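Chains as they are written, first to last, in the deposited numbering: chain B, 686 to 695; chain B', 686 to 695; chain A, 154 to 190, 251 to 452; chain A', 154 to 190, 251 to 452. A prime marks a further copy of an entry chain.
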Amino acid sequence: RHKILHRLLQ
Amino acid sequence: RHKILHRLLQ
Amino acid sequence: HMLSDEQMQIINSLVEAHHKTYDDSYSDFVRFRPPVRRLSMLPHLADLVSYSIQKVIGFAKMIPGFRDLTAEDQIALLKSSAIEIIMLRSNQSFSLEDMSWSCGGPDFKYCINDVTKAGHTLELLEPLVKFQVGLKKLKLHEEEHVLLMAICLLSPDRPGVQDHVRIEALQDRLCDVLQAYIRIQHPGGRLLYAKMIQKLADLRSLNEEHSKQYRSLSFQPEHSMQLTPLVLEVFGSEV
Amino acid sequence: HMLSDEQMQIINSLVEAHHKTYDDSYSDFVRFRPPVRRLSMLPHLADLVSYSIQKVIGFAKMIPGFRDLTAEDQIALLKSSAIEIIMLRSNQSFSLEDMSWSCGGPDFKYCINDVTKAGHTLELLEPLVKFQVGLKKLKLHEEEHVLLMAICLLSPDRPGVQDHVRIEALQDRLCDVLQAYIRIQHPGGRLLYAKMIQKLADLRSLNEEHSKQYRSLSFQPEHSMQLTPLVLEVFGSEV
Ligand SMILES: C=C1/C(=C\C=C2/CCC[C@]3(C)[C@@H](C#CC#CC(C)(C)O)CC[C@@H]23)C[C@@H](O)C[C@@H]1O
Ligand SMILES: C=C1/C(=C\C=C2/CCC[C@]3(C)[C@@H](C#CC#CC(C)(C)O)CC[C@@H]23)C[C@@H](O)C[C@@H]1O
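Okay, structure coming up:
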């Protein structure tokens, strides 16, 4: 997934 | 999944 | 006309199950992430809700007959009714005086504006309070309040339920104890039963509204990251 | 012999990036679930770690060249080095006096026994402190400490990295600034570089040990449920 990481990296 | 729920229900 | 052993035993169990899973002093609330007054209350309320689900599970595991259902149905009934049971038990902390859930000091005193900072709108919060008020006004006995929660949790009409026939039976058995009890132990309770079953319907609407609002919230990673694994699991859409 | 514009500019960026993502007063720690002294410290430390990952991400996003890598490699480098960067930056709060991470009052003062109550063993905690001590003894400049973290994060040899060639280049560029800096600005720093690169190796062992211990922890749902979505994501095995 990595939905959160993706988002945090803008 | 429901790994947590399964566990909590013993 | 009076209650039977089996019925009354179901009552001692539920009332004990509730006491064992509900603290009227809310002493565990300090272990939650502190409340803060863009969705500043979300962390604290997520911890409150997650905490409550754990308690609802403990309660469910002690409702007579529930422990016998398949693990799947238990999960289906849990996932689907969790938020409704929370709303029900929450009434015990709701105050008609200040129209809020008073759980200690100014910190743990929850107002609508508070749930707004957790990602929810009046669309949900309005009927919630309206429901809380109406339910409070029923001045229910602990036996009827605990029975209403056990009944709500064994609703056979929940998406995902398999053996919906046995569930339907356990619910009826409970619906029977609640009826007998009201008649025998509750005065002026001639029309209380209907009011109690009516409350279950208002819960479906509140449940539905919450489902929508929660869905939106959960889709935004900057927000879902504030939730807890259990909340994500119980309210999540995984099959 | 002196530093060049490009090099020095890389230093102003990293040192600014660090200041912007590291509070020497640890004022945000009160928003974490309170620490408690079977894995009672887990909730608080999970929140500490999750909090730190968010900061490491903010820092990473400001390391020169990182923002240009593909989203995948950024994630690969992040997932793989997160725990090491945490251990590095944590030194800034470590105290050789009390052999602990002092972050305020008795509450936010972390001892080994504390991490033990979060699910970790001396197998990890022993070298961690040993490493903290050795690193402290290096009395690094903020420029070298911030450079060591940027260097560690751009390690080309991380499982999952795709364009490992560009990563390898950005790391070298940084490794160059660190070398020049030590020579030009750091006295007696003749053998410091080697000691700093050596530290990166100790981090792999600590990283590996943590990976194992974390894996076990994460497999037990009664424990993983205490973790945060971000921790589960960054340390999780999803591809
Ligand atoms: C949860 C409980 C309490 C109050 C309920 C509230 C007061 C604060 C906001 C709540 C908890 C409402 C909500 C929500 C939500 C959400 C997310 C998960 C963010 O979508 C439903 C009932 C509301 C307090 C106490 O009686 C125990 C009970 O278990
Ligand atoms: C995290 C940080 C701090 C101390 C580090 C500690 C003190 C407490 C225990 C830790 C955080 C160790 C751990 C862990 C873990 C874990 C789980 C996720 C449970 O597996 C590594 C570094 C250790 C404090 C401050 O300098 C900021 C830095 O970002």
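For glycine and all other residues, C-beta sits at the position ideal for the given N, C-alpha and C.
Closer than 9 Å to chain A by CB, residue i
{"i": "A'/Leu291", "result": "no"}
{"i": "A'/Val189", "result": "yes"}
{"i": "A'/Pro319", "result": "no"}
{"i": "A'/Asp260", "result": "yes"}
{"i": "A'/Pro256", "result": "yes"}
DSSP bridge partner residues for residue i (one or two, in chain order)
{"i": "A'/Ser253", "result": "Partner(s): none; A'/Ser253 has no beta bridge."}
{"i": "A'/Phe307", "result": "A'/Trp314"}
{"i": "A/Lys322", "result": "A/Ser315"}
Chain A' within 9 Å of residue i, Cβ atoms only
{"i": "A/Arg184", "result": "yes"}
Anticipated Cβ contact below 8 Å, residue i with residue j, distance rounded
{"i": "A'/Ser368", "j": "A'/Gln345", "result": "About 20 Å; that fails the 8 Å criterion."}
{"i": "A'/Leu338", "j": "A'/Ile163", "result": "In fact, because the Cβ distance is near 34 Å, the residues do not count as touching under 8 Å."}
{"i": "A'/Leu335", "j": "A'/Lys412", "result": "A'/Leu335 to A'/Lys412, Cβ: 21 Å. No contact."}
{"i": "A'/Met300", "j": "A'/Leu416", "result": "6 Å"}
{"i": "A'/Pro319", "j": "B'/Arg692", "result": "34 Å between Cβ atoms; not a contact."}
{"i": "A/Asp286", "j": "A/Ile397", "result": "Actually they do not touch by this definition, with Cβ atoms about 32 Å apart."}
{"i": "A'/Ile296", "j": "A'/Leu167", "result": "About 20 Å separates the two Cβ atoms, so there is no contact after all."}
{"i": "A'/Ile266", "j": "A'/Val447", "result": "5 Å"}
{"i": "A'/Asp177", "j": "A'/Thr441", "result": "At roughly 24 Å, the Cβ-Cβ gap does not stay under 8 Å, so A'/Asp177 and A'/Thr441 are not in contact."}
Residue-chain proximity (residue i, chain B'), Cβ-Cβ < 9 Å
{"i": "A/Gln287", "result": "yes"}
{"i": "A/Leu443", "result": "yes"}
{"i": "A'/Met438", "result": "yes"}
{"i": "A/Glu297", "result": "no"}
{"i": "A/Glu381", "result": "no"}
{"i": "A/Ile270", "result": "yes"}
{"i": "A/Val447", "result": "yes"}
Residue i in three-state terms, based on DSSP
{"i": "A'/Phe279", "result": "helix"}
{"i": "A'/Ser418", "result": "helix"}
{"i": "A'/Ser429", "result": "helix"}
{"i": "A/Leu440", "result": "coil"}
{"i": "A'/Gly373", "result": "coil"}
{"i": "A/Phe185", "result": "coil"}
{"i": "A'/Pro400", "result": "coil"}
{"i": "A/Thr329", "result": "helix"}
{"i": "A/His354", "result": "coil"}
{"i": "A/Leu156", "result": "coil"}
{"i": "A'/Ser368", "result": "coil"}
{"i": "A/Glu339", "result": "helix"}
{"i": "B/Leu694", "result": "coil"}
Whether residue i touches residue j by CB criterion (9 Å)
{"i": "A/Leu366", "j": "A/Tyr323", "result": "no"}
{"i": "A/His154", "j": "A/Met362", "result": "no"}
{"i": "A'/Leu252", "j": "A'/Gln439", "result": "yes"}
{"i": "residue 94 of chain A'", "j": "A'/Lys330", "result": "No statement about residue 94 of chain A' is possible, as the shown extent of chain A' runs from 154 to 452 and does not include it."}
{"i": "B/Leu694", "j": "A'/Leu291", "result": "yes"}
{"i": "A/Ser306", "j": "A/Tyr179", "result": "yes"}
{"i": "A'/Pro400", "j": "A/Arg184", "result": "no"}
{"i": "A/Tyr175", "j": "A/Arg280", "result": "no"}
{"i": "A'/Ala289", "j": "A'/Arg403", "result": "no"}
{"i": "A'/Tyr394", "j": "A'/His354", "result": "yes"}
{"i": "A'/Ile364", "j": "A'/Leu341", "result": "no"}
{"i": "A/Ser437", "j": "A/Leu443", "result": "no"}
{"i": "A/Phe182", "j": "A/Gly317", "result": "yes"}
{"i": "A/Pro256", "j": "A/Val262", "result": "no"}
{"i": "A'/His333", "j": "A'/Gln426", "result": "yes"}
Residue-level contact to chain B via CB, residue i, 9 Å cutoff
{"i": "A/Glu435", "result": "yes"}
{"i": "A'/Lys274", "result": "yes"}
{"i": "A'/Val342", "result": "no"}
{"i": "A'/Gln267", "result": "yes"}
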